[PDB]
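Asks: Shown below is the structure under consideration.
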Amino acid sequence: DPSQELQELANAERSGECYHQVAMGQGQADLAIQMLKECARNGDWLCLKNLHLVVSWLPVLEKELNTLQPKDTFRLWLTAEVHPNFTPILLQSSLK
Amino acid sequence: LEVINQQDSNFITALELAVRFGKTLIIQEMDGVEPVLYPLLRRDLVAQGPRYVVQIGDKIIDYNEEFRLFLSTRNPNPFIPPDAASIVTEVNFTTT
Amino acid sequence: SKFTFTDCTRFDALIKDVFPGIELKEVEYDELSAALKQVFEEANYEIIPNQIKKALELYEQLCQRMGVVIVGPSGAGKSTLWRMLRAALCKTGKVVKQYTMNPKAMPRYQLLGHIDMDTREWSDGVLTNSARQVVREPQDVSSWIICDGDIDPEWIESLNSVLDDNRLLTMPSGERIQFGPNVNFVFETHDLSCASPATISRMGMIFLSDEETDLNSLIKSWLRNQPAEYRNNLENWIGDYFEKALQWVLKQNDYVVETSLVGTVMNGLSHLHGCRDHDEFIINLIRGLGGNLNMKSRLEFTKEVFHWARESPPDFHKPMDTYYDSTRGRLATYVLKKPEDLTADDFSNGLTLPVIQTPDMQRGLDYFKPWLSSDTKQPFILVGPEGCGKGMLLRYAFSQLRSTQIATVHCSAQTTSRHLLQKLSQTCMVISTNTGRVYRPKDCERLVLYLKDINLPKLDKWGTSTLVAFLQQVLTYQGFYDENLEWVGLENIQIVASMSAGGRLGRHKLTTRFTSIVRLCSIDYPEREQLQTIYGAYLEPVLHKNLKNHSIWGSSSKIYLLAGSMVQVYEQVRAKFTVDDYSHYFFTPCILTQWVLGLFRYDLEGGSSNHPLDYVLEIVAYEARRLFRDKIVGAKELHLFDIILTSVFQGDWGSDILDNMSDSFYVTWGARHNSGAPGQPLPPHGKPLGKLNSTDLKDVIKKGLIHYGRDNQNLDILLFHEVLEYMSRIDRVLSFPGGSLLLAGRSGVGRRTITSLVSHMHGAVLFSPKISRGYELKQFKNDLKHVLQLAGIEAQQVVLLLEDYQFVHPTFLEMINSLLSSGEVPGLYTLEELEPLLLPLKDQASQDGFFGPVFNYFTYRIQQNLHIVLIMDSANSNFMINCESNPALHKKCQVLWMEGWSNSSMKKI
Amino acid sequence: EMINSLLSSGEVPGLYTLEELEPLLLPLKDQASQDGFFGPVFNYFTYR
Amino acid sequence: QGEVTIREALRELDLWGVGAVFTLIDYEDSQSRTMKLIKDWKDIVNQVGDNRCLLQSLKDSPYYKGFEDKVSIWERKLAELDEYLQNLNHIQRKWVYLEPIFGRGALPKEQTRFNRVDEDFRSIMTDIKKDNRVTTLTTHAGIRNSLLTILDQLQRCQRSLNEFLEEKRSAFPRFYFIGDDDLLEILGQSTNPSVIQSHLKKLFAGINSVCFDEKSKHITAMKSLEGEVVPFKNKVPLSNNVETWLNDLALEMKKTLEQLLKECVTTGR
Amino acid sequence: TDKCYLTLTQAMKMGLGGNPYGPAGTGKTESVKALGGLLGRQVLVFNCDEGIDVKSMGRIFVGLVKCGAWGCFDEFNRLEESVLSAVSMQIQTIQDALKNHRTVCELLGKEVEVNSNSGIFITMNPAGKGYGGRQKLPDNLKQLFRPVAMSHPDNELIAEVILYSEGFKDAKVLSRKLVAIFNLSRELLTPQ
Ligand SMILES: Nc1ncnc2c1ncn2[C@@H]1O[C@H](COP(=O)(O)OP(=O)(O)OP(=O)(O)O)[C@@H](O)[C@H]1O
Ligand SMILES: Nc1ncnc2c1ncn2[C@@H]1O[C@H](COP(=O)(O)OP(=O)(O)O)[C@@H](O)[C@H]1O
Ligand SMILES: Nc1ncnc2c1ncn2[C@@H]1O[C@H](COP(=O)(O)OP(=O)(O)O)[C@@H](O)[C@H]1O
Ligand SMILES: Nc1ncnc2c1ncn2[C@@H]1O[C@H](COP(=O)(O)OP(=O)(O)O)[C@@H](O)[C@H]1O
Ligand SMILES: [Mg+2]
């Protein structure tokens with residue numbers, strides 16, 4: 001479980017509760033994109049989780065990663081599981 | 001010249017203008033072979049006196065003789081079937 | 001309650017070992033058993049003490065816990081138990097109010113209820129409604145919600161909170177409905193292979209066996225239902241012939257569809273009532289039992305039955321065909337009945353072909369005749385290998401009837417409840433009697449739903465089709481829960497379904513619940529000595545509608561010899577090819593029928609008296625070539641097929657008859673009397689054909705190509721031998737009434753180019769849906785409504801064209817599969833949109849002689865006036881799946897194998 | 001005369017048949033039920 | 001020669017076909033009106049079921065072929081009368097439910113709807129007040145579409161009431177497990193004791209039923225499944241605003257158990 | 001029940017849920033209601049099936065945090081898989097609001113008032129060899145609870161205390177007789 005370390009890191013390095021997080025499930029994707037754009041503009045962080053279930057969503061995610069114009073101190077944190085048929089393009093443009 | 005993105009809001013309208021005015025067209029973020037672009041990639045030219053028209057969806061559109069179409073791709077796989085690859089010649093920029 | 005016999009005895013031996021002398025004491029009460037034996041006495045059953053023990057046992061369990069399973073095989077008396085304990089308790093006890101669900105037939109969201117997704121509006125369900133109706137009732141009631149159906153965990157675990165120590169039913173909205181101390185759930189079932197042990201530990205249980213059943217105790221009540229004019233002889237013959245013939249069949253166990261004991265008994269019995277004498281009763285017993293075996297065992301079944309009878313018939317060779325007559329007392333002579341009514345007017349419809357009454361067709365009719373009469377309302381199912389003669393013979397037996405109304409429905413891998421419901425509700429009245437609304441056939445007496453395929457619908461991931469569960473509900477309870485929350489009965493409906501033997505893939509097996517309720521038998525392939533006679537008596541009149549009075553043709557030994565040669569060809573081709581090679585090496589005698597009805601198309605006039613052997617034999621060889629040959633993939637197999645064909649034609653007459661007519665092209669474009677475009681209704685055998693040349697066809701192609709390039713894209717089409725071949729083969733199939741093609745080939749080669757040209761040269765309208773961004777299925781439905789309207793109202797000859805890039809949603813192949821196979825598209829039109837559209841067809845319906853409603857005439861016009869073209873790429877990945885998952889997609893349309901130009905022509909380009 | 005009728009009343013007389021009104025006015029019963037307009041469906045169609 | 005049996009059964013059904021009437025009962029709503037509402041439905045419906053199964057018993061007689069034509073009459077007659085009664089009881093229950101809610105908080109876009117339904121129901125019930133013979137509903141002036149349209153308009157005013165239901169569910173917390181069907185009863189029938197004893201069980205799981213005082217203005221005790229009875233330490237004033245005495249039930253139950261525990265432990269130590 | 005009570009009370013002290021599990025037919029479902037009986041709460045036993053909406057679970061959660069009742073979400077295993085994922089965020093929000101002693105939580109837009117004497121539990125089986133179609137729970141969502149083993153109950157102690165409570169006097173002999181009958185009959189007779 002990485003979530004507690006991320007929470008403690010967000011409490012340490014930042015203050016005022018800038019940390020925002022959304023899990024991926026039935027009916028959360030279209031607000032996930034809105035929160036992605038809004039926290040890209042604000043410069044605050046964003047933690048998506050469980051990107052191994054929504055496998056036919058990730059082309060929209062990589063399109064929006066290619067398109068957006070972020071600010072400084074923005075940090076996008078992902079969390080996925082080992083899964084065949086994954087998409088290479090965001091695997092290219094990420095640490096692992 | 002006009003250059004357009006794949007997941008773009010004004011795709012078919014700008015495609016109609018590029019077929020009519022005789023532009024040279026470049027498409028950015030192609031994820032494969034679109035369903036729309038099959039008779040235009042083939043030769044489907046019904047004559048109206050001296051000119052020729054070509055089918056794009058529902059409209060009937062004049063095929064200008066200055067029509068040149070290029071399109072880019074960001075991932076070697078996706079996407080060709082074995083039907084839209086015997087008409088489209090494929091070029092792979094690669095680091096060697 | 002749980003035990004068998006011997007395990008209960010060993011459990012008693014264990015109870016003795018833990019407690020030394022405190023062994024036994026029995027059931028305390030008996031005054032309910034008096035009422036129970038009274039109710040058995042009322043309903044004319046028998047009285048068996050075992051049923052009494054089980055019913056008292058059930059009352060004990062129902063007082064004890066909340067839910068009871070009644071495990072048992074098919075037909076072995078597990079529903080009559082609660083069915084009679086109902087009345088036996090209700091004569092003294094308060095009120096037993098029965099609600100009967102069947103949980104697999106209807107979908108889940110109607111059964112347990114569900115929510116409208118966008119509105120947030122709770123739709124009620126069936127047993128939520130039943131739960132409200134029981135918790136309305138006052139304290140002096142009792143109710144038994146009964147789920148007479150099979151068991152899957154993903155719905156039966158939804159009742160864990162009901163069958164709990166707690167007593168509560170919950171809605172997904174949060175609404176929670178309790179239950180008092182009254183209610184019981186009774187779950188009649190088949191087995192518990194697929195239930196998790198939470199439910200198995202959660203509810204009570206009753207076991208039944210195949211040792212407790214008494215066969216004689218069911219023979220006696222059937223004998224008591226006999227009209228006292230034959231019962232002496234029937235009991236005297238049953239009591240010493242029945243048990244031997246039953247136990248020998250249970251010893252062999254080579255029976256083709258699996259039934260229980262009760263099913264074998266009823267199949268033995270329902271071919272008997274009305275026997276006169278001993279020798280007739282033997283044959284009725286044989287036709288009762290041996291229908292479920294196969295031919296390796298039926299023969300020695302007949303041998304042992306006749307040998308352990310009185311005597312042997314004169315049918316000592318092939319004893320399957322003994323014809324007992326009441327008139328003389330004759331036992332057996334198999335006689336062939338030849339018709340002599342033979343013109344070309346019989347063959348006008350593609351269906352209603354003249355049935356040649358061979359002895360096997362007489363055996364089939366002698367099987368059918370006792371069950372389709374108006375005294376025995378029996379549902380039954382034929383078994384046959386695919387393409388053998390089932391539908392033709394059953395339509396003949398439909399035509400022998402009196403006041404029926406046939407309604408054939410072709411089922412497939414998508415057929416559900418609503419499709420048969422609308423096929424019923426188009427031709428059936430709605431009259432509102434007492435005890436709920438009901439359906440009754442209009443203007444007839446015995447409506448017959450003829451279900452075409454039963455193996456073919458789709459299992460879920462446990463093994464239970466909703467279709468067969470629905471038909472089980474209908475054939476057991478004569479009704480169904482229609483939606484909008486109301487039971488709806490049926491009144492006068494048979495179900496006579498068909499199937500093939502479960503050999504190939506896509507053929508599921510049937511449950512034993514549905515099998516042992518209804519009747520069945522099987523039939524075999526018409527063999528070679530039969531098929532020579534069938535196609536000799538087909539080949540004589542279609543020839544002798546012309547040149548009947550000439551030299552060699554006539555004196556029908558030669559007509560028989562040609563048919564025998566073609567049968568030899570068909571047999572050796574089936575000997576050298578299989579279905580393990582590819583998806584579509586299809587070989588039934590449907591091919592021989594289409595083959596020998598192809599010969600109407602040719603100018604066989606012979607007034608200019610030829611050789612004349614070669615002039616007709618080359619015609620025969622070309623038709624055989626373009627039927628058999630053009631579906632063989634590998635080149636070496638093509639050469640082997642050539643060796644076969646030539647070896648046949650030389651073994652029949654000498655040598656060198658096929659020699660050199662490879663340059664011939666029998667095309668529409670040129671024949672006798674100037675084939676030559678008006679004439680929009682089609683001939684009954686298509687436009688006639690004639691001999692041509694290569695270069696002359698080249699000029700005809702160039703003329704039509706100029707005229708095409710006038711109003712289209714100007715085409716730079718080259719010419720080589722293979723394009724001439726391909727355009728000839730497309731013409732000689734698109735000039736057939738109701739023809740379609742599957743074009744399997746590489747990409748890049750011209751296929752849509754040649755078919756567009758032939759569609760312009762025959763004046764047929766060509767149509768292909770032009771895809772856009774927002775592809776849907778609604779789009780495709782509107783385009784199919786357009787094409788079906790034009791082709792089925794305005795009598796216009798239409799060519800429909802679908803290619804690979806347009807199948808953008810995975811139900812399109814299924815719609816095209818249906819529209820190929822039947823002639824309809826199911827669930828396409830509503831009911832209100834058929835009368836203002838088919839209203840201008842009643843006039844021609846009146847004048848033409850076609851009867852029934854207007855919709856069958858509309859479907860017949862679509863079957864005559866619509867052509868489908870499928871271009872599919874060979875080495876696509878999904879080609880094997882989409883040739884295996886739609887079986888009519890290689891049974892309806894001829895499949896040309898276009899792949900690969902020659903080495904010779906790529907040099908010439 | 002047709003324009004005179006279609007101005008004055010709201011209908012065109014002798015235009016539709018009887019069979020071609022129920023599969024066409026069939027999607028109007030719902031708003032007919034919700035709006036409060038009574039009588040048959042054809043008066044609601046004429047009013048629209 | 002058992003034709004006299006079938007004739008005897010038909011004379012029995014004819015003797016039934018003149019007698020049965022209703023039980024016209026004066027009922028008054030919130031604002032002062034008076035309509036003859038109809039009770040004792042099961043007494044009427046069970047006779048109909050007996051008559052239909054009796055006709056089915058007559059359908060098994062071998063002499064049915066000469067008397068089928070009268071059986072057709074009584075078949076269609078009972079088939080109409082059953083559906084008419086089984087609709088009119090729905091209409092009666094839903095009208096009794098939906099009178100006080102639209103009476104108290106009148107929003108006119110709801111009011112025009114429910115006034116048209118009110119007119120269409122009270123016009124039928126006046127003609128029933130005129131003639132109360134039970135086969136007059138078979139012979140009124142086309143009541144079938146009147147009944148179906150009244151049912152449909154009540155369904156639509158339910159769909160309008162969804163928003164107010166969610167308001168009261170956010171008001172009192174326990175209501176998320178009551179359906180709508182009982183919640184609007186408890187909102188409307190704010191004084192009826194039969195409603196309270198029929199639906200207070202599903203709200204608080206402990207209380208099986210309650211008592212009432214001598215004027216049905218206070219609740220003084222509560223019961224159990226086996227009949228364990230605990231009195232309350234103070235009477236509970238019933239009123240119209242339903243949360244303003246359900247809150248009193250919750251507080252007074254907790255205070256009663258709290259003081260009863262103290263009294264028990266105080267004597268026990 | 002010693003094991004069960006101590007695990008659930010420590011899990012409530014840490015501000016988390018409680019997930020007892022094990023094979024079928026033990027007593028895990030009624031143990032939660034027994035704890036609610038001994039504590040003085042009210043228990044609203046549910047069922048979780050069919051894959052209902054995350055808003056439909058959300059309104060249930062709103063009811064539970066406003067009233068103050070223990071949702072004993074029986075069969076939390078068999079539920080649609082992404083619904084579990086969104087429910088994980090919901091439960092985490094509620095448990096944060098509990099642990100920080102918050103009076104006003106916020107899910108589905110509104111400011112729902114959460115109650116201090118609240119609580120959430122589930123019960124489930126492991127998706128073993130014959131427990132039908134059940135989907136495996138997410139790892140994140142498992143990290144919110146506190147698992148309890150409830151595998152084997154006793155059989156002599158319950159059977160002797162019940163018979164001694166029900167007026168019968170000779171419980172200490174006959175209870176052992178019952179349990180030995182169960183064990184031998186399960187052990188040697190043919191396994192149907
Ligand atoms: N006492 C009896 N004497 C003679 N026959 C009986 C008796 N009781 C039942 N039967 C016969 O047993 C047959 C099957 O009864 P029942 O429907 O209970 O079996 P089943 O196993 O429930 O059927 P299914 O396999 O459809 O569930 C009936 O046709 C009935 O005639
Ligand atoms: N005894 C026969 N005489 C002539 N033709 C026959 C005979 N038996 C079968 N056929 C041919 O075989 C075909 C059988 O079709 P059928 O088996 O009904 O199709 P399906 O298997 O799809 O129901 C018929 O069209 C008929 O031409
Ligand atoms: N025999 C031929 N001679 C000349 N050109 C041909 C021939 N066959 C195909 N073509 C070329 O192929 C193109 C059409 O291909 P098409 O029919 O669309 O392939 P497919 O049938 O696989 O979709 C035309 O432009 C035509 O020039
Ligand atoms: N400690 C106990 N004392 C008495 N009865 C018990 C006990 N534990 C369980 N039971 C009984 O076992 C039955 C099932 O318990 P439950 O919690 O439903 O287990 P499961 O959920 O595994 O079926 C209940 O009827 C309950 O009364
Ligand atoms: Mg049964």
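Here's how to read the names in the structure tokens: chain A, B, ... by the order shown, residue numbers from 1 in each chain, ligand numbers from 1 in the order shown.
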Find the residues near ligand 2. Use a cut-off of 10 Å, count only C-alpha atoms and all ligand atoms, and write them as a short mmCIF file (atom, residue, chain, number, x, y, z; two decimals) with N, CA, C and O atoms, in the first residue's frame.
Replies:
```
data_model
loop_
_atom_site.label_atom_id
_atom_site.label_comp_id
_atom_site.auth_asym_id
_atom_site.auth_seq_id
_atom_site.Cartn_x
_atom_site.Cartn_y
_atom_site.Cartn_z
N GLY C 350 -39.45 -23.02 -54.91
CA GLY C 350 -38.26 -23.72 -54.46
C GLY C 350 -38.58 -24.75 -53.40
O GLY C 350 -38.01 -25.84 -53.39
N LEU C 351 -39.53 -24.44 -52.53
CA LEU C 351 -40.09 -25.40 -51.59
C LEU C 351 -41.19 -26.17 -52.30
O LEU C 351 -41.35 -26.03 -53.51
N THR C 352 -41.96 -26.96 -51.54
CA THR C 352 -43.07 -27.79 -52.01
C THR C 352 -42.63 -28.71 -53.13
O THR C 352 -43.33 -28.89 -54.12
N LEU C 353 -41.44 -29.26 -52.97
CA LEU C 353 -40.88 -30.14 -53.96
C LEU C 353 -41.66 -31.45 -53.94
O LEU C 353 -42.23 -31.82 -52.90
N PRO C 354 -41.79 -32.14 -55.07
CA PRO C 354 -42.47 -33.44 -55.06
C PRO C 354 -41.69 -34.49 -54.30
O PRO C 354 -40.62 -34.93 -54.72
N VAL C 355 -42.25 -34.91 -53.17
CA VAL C 355 -41.65 -35.90 -52.29
C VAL C 355 -41.82 -37.27 -52.92
O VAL C 355 -42.95 -37.71 -53.15
N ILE C 356 -40.71 -37.94 -53.18
CA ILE C 356 -40.78 -39.31 -53.66
C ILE C 356 -40.96 -40.24 -52.48
O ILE C 356 -40.10 -40.32 -51.60
N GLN C 357 -42.09 -40.94 -52.45
CA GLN C 357 -42.46 -41.79 -51.33
C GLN C 357 -41.62 -43.06 -51.37
O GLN C 357 -42.01 -44.08 -51.92
N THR C 358 -40.45 -42.96 -50.76
CA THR C 358 -39.56 -44.09 -50.56
C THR C 358 -39.97 -44.78 -49.26
O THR C 358 -40.71 -44.19 -48.47
N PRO C 359 -39.54 -46.03 -49.04
CA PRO C 359 -39.92 -46.72 -47.80
C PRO C 359 -39.48 -46.04 -46.51
O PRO C 359 -40.17 -46.17 -45.49
N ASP C 360 -38.38 -45.30 -46.53
CA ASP C 360 -37.97 -44.63 -45.31
C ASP C 360 -38.86 -43.44 -45.02
O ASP C 360 -39.15 -43.13 -43.85
N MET C 361 -39.36 -42.78 -46.07
CA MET C 361 -40.32 -41.70 -45.85
C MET C 361 -41.65 -42.26 -45.36
O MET C 361 -42.33 -41.63 -44.54
N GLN C 362 -41.99 -43.47 -45.79
CA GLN C 362 -43.18 -44.13 -45.25
C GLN C 362 -42.99 -44.52 -43.79
O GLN C 362 -43.95 -44.46 -43.02
N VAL C 383 -34.91 -36.15 -34.66
CA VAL C 383 -33.46 -36.07 -34.69
C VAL C 383 -33.00 -36.55 -36.05
O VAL C 383 -33.46 -37.60 -36.53
N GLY C 384 -32.14 -35.78 -36.70
CA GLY C 384 -31.54 -36.20 -37.94
C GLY C 384 -30.19 -35.55 -38.11
O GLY C 384 -29.91 -34.50 -37.53
N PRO C 385 -29.31 -36.18 -38.88
CA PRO C 385 -28.09 -35.49 -39.28
C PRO C 385 -28.43 -34.33 -40.20
O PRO C 385 -29.52 -34.29 -40.79
N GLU C 386 -27.52 -33.36 -40.28
CA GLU C 386 -27.84 -32.09 -40.91
C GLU C 386 -28.01 -32.27 -42.41
O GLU C 386 -27.23 -32.97 -43.06
N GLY C 387 -29.07 -31.68 -42.95
CA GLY C 387 -29.43 -31.89 -44.32
C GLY C 387 -29.84 -33.31 -44.65
O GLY C 387 -29.08 -34.02 -45.31
N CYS C 388 -30.99 -33.77 -44.16
CA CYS C 388 -31.35 -35.17 -44.35
C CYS C 388 -32.79 -35.32 -44.82
O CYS C 388 -33.16 -36.34 -45.42
N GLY C 389 -33.62 -34.31 -44.57
CA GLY C 389 -35.01 -34.40 -44.97
C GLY C 389 -36.03 -34.18 -43.89
O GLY C 389 -37.14 -34.71 -43.96
N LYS C 390 -35.69 -33.39 -42.87
CA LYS C 390 -36.60 -33.22 -41.75
C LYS C 390 -37.72 -32.25 -42.07
O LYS C 390 -38.90 -32.57 -41.91
N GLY C 391 -37.36 -31.05 -42.55
CA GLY C 391 -38.35 -30.00 -42.72
C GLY C 391 -39.34 -30.29 -43.83
O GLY C 391 -40.53 -29.99 -43.71
N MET C 392 -38.86 -30.90 -44.91
CA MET C 392 -39.73 -31.30 -46.02
C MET C 392 -40.78 -32.31 -45.58
O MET C 392 -41.97 -32.14 -45.88
N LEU C 393 -40.36 -33.33 -44.85
CA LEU C 393 -41.28 -34.38 -44.44
C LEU C 393 -42.25 -33.87 -43.38
O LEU C 393 -43.44 -34.23 -43.38
N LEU C 394 -41.78 -32.99 -42.50
CA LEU C 394 -42.69 -32.43 -41.51
C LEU C 394 -43.67 -31.44 -42.13
O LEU C 394 -44.79 -31.28 -41.64
N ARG C 395 -43.29 -30.78 -43.23
CA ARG C 395 -44.27 -29.93 -43.91
C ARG C 395 -45.28 -30.75 -44.68
O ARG C 395 -46.44 -30.34 -44.82
N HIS C 410 -37.44 -19.84 -37.30
CA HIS C 410 -36.04 -20.26 -37.34
C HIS C 410 -35.34 -19.68 -36.13
O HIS C 410 -35.11 -18.47 -36.04
N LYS C 452 -37.29 -24.43 -35.37
CA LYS C 452 -36.43 -25.05 -36.37
C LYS C 452 -35.20 -25.68 -35.73
O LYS C 452 -34.82 -26.80 -36.09
N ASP C 453 -34.56 -24.99 -34.79
CA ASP C 453 -33.30 -25.48 -34.23
C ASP C 453 -33.32 -25.33 -32.71
O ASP C 453 -33.71 -24.27 -32.21
N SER C 498 -37.30 -29.19 -33.94
CA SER C 498 -36.34 -30.00 -34.66
C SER C 498 -34.94 -29.72 -34.15
O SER C 498 -34.70 -28.74 -33.45
N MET C 499 -34.01 -30.58 -34.54
CA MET C 499 -32.63 -30.50 -34.08
C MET C 499 -31.76 -31.38 -34.94
O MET C 499 -32.25 -32.23 -35.69
N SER C 500 -30.46 -31.17 -34.83
CA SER C 500 -29.51 -32.11 -35.39
C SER C 500 -28.80 -32.85 -34.27
O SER C 500 -28.90 -32.47 -33.10
N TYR C 525 -29.70 -41.05 -42.79
CA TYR C 525 -29.41 -40.60 -44.15
C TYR C 525 -30.07 -41.51 -45.18
O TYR C 525 -30.04 -42.74 -45.03
N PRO C 526 -30.70 -40.95 -46.20
CA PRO C 526 -31.11 -41.76 -47.34
C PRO C 526 -29.88 -42.30 -48.05
O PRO C 526 -29.00 -41.55 -48.47
N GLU C 527 -29.81 -43.62 -48.16
CA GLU C 527 -28.59 -44.20 -48.67
C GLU C 527 -28.62 -44.28 -50.18
O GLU C 527 -29.52 -43.75 -50.84
N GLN C 530 -31.43 -45.73 -52.45
CA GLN C 530 -32.56 -44.81 -52.39
C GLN C 530 -32.30 -43.56 -53.21
O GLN C 530 -33.16 -43.16 -54.01
N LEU C 531 -31.13 -42.94 -53.05
CA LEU C 531 -30.84 -41.67 -53.70
C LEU C 531 -30.75 -41.81 -55.21
O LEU C 531 -31.08 -40.86 -55.94
N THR C 533 -32.75 -43.72 -56.86
CA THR C 533 -34.14 -43.69 -57.28
C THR C 533 -34.73 -42.29 -57.20
O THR C 533 -35.45 -41.88 -58.12
N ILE C 534 -34.42 -41.55 -56.12
CA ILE C 534 -34.86 -40.16 -55.99
C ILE C 534 -34.39 -39.33 -57.17
O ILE C 534 -35.18 -38.65 -57.84
N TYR C 535 -33.10 -39.40 -57.49
CA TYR C 535 -32.63 -38.46 -58.48
C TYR C 535 -32.77 -39.01 -59.89
O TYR C 535 -32.74 -38.24 -60.85
N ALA C 537 -35.78 -40.30 -60.63
CA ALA C 537 -37.13 -39.79 -60.85
C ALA C 537 -37.20 -38.27 -60.80
O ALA C 537 -38.26 -37.70 -61.08
N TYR C 538 -36.12 -37.60 -60.42
CA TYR C 538 -36.00 -36.18 -60.71
C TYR C 538 -35.39 -35.90 -62.07
O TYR C 538 -35.75 -34.91 -62.72
N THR C 588 -24.31 -31.86 -48.01
CA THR C 588 -25.59 -32.52 -47.81
C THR C 588 -26.19 -32.77 -49.19
O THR C 588 -25.68 -32.24 -50.19
N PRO C 589 -27.24 -33.58 -49.29
CA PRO C 589 -27.93 -33.66 -50.58
C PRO C 589 -28.75 -32.43 -50.97
O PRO C 589 -29.39 -32.45 -52.03
N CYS C 590 -28.74 -31.36 -50.17
CA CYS C 590 -29.20 -30.06 -50.65
C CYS C 590 -28.40 -29.61 -51.87
O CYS C 590 -28.94 -28.97 -52.77
N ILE C 591 -27.11 -29.96 -51.90
CA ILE C 591 -26.26 -29.65 -53.04
C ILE C 591 -26.72 -30.42 -54.28
O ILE C 591 -26.80 -29.84 -55.36
N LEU C 592 -27.05 -31.70 -54.13
CA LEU C 592 -27.55 -32.47 -55.28
C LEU C 592 -28.90 -31.94 -55.76
O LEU C 592 -29.17 -31.91 -56.96
N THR C 593 -29.73 -31.48 -54.83
CA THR C 593 -31.02 -30.92 -55.22
C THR C 593 -30.85 -29.60 -55.99
O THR C 593 -31.44 -29.43 -57.06
N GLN C 594 -30.02 -28.68 -55.47
CA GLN C 594 -29.75 -27.44 -56.19
C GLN C 594 -29.06 -27.69 -57.52
O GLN C 594 -29.32 -26.99 -58.50
N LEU C 597 -31.70 -29.12 -60.00
CA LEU C 597 -32.65 -28.08 -60.37
C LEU C 597 -31.97 -26.89 -61.02
O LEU C 597 -32.64 -25.93 -61.41
N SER C 821 -30.84 -16.43 -43.64
CA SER C 821 -31.42 -17.75 -43.38
C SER C 821 -32.93 -17.74 -43.53
O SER C 821 -33.49 -18.48 -44.35
N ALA C 888 -25.33 -20.38 -41.12
CA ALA C 888 -26.03 -20.15 -42.39
C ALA C 888 -25.21 -19.27 -43.31
O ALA C 888 -25.50 -19.19 -44.51
N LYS C 891 -24.05 -21.75 -45.43
CA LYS C 891 -25.01 -22.70 -45.99
C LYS C 891 -25.89 -22.03 -47.03
O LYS C 891 -26.31 -22.67 -48.00
#
```
Asks: Among segment 56-138 of chain E, which ones does DSSP place in alpha helix (DSSP H), written as a ChimeraX atom specification?
Replies: /E:56-58,68-104,108-130
Asks: Only residues of chain F matter here; which ones have an atom within 12 Å of chain A, counting only C-alpha atoms? Give them as JSON, numbers by chain.
Replies: {"F": [51, 52, 53, 54, 55, 80, 81, 82, 83, 84, 85, 86, 87, 88, 89, 90, 91, 92, 93, 108, 138, 139, 140, 141, 142, 143, 144]}
Asks: Which residues of chain F are close to chain C, meaning at most 8 Å apart when you count only C-alpha atoms, and how do they look as a list in words?
Replies: residues 24, 25, 46, 47, 48, 49, 52, 56, 60, 130, 131, 132, 133, 177, 181, 185, 189 and 190 of chain F
Asks: Within 9 Å of residue 161 of chain F, counting only C-alpha atoms, which residues show up once you throw out same-chain ones fewer than 5 positions away? Write them as a PyMOL selection string, please.
Replies: chain F and resi 156+166+171-172+175
Asks: Output C-alpha atoms of each residue in that selection to a file, as a JSON list (two decimals), in the first residue's frame.
Replies:
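To be explicit, this is the file written out as again24.json:
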```
[["chain", "number", "residue", "atom", "x", "y", "z"],
["F", 156, "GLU", "CA", -19.32, -29.30, 22.81],
["F", 166, "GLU", "CA", -33.28, -25.26, 28.37],
["F", 171, "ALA", "CA", -26.18, -31.90, 29.17],
["F", 172, "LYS", "CA", -22.58, -32.87, 29.91],
["F", 175, "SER", "CA", -23.72, -32.88, 24.18]]
```
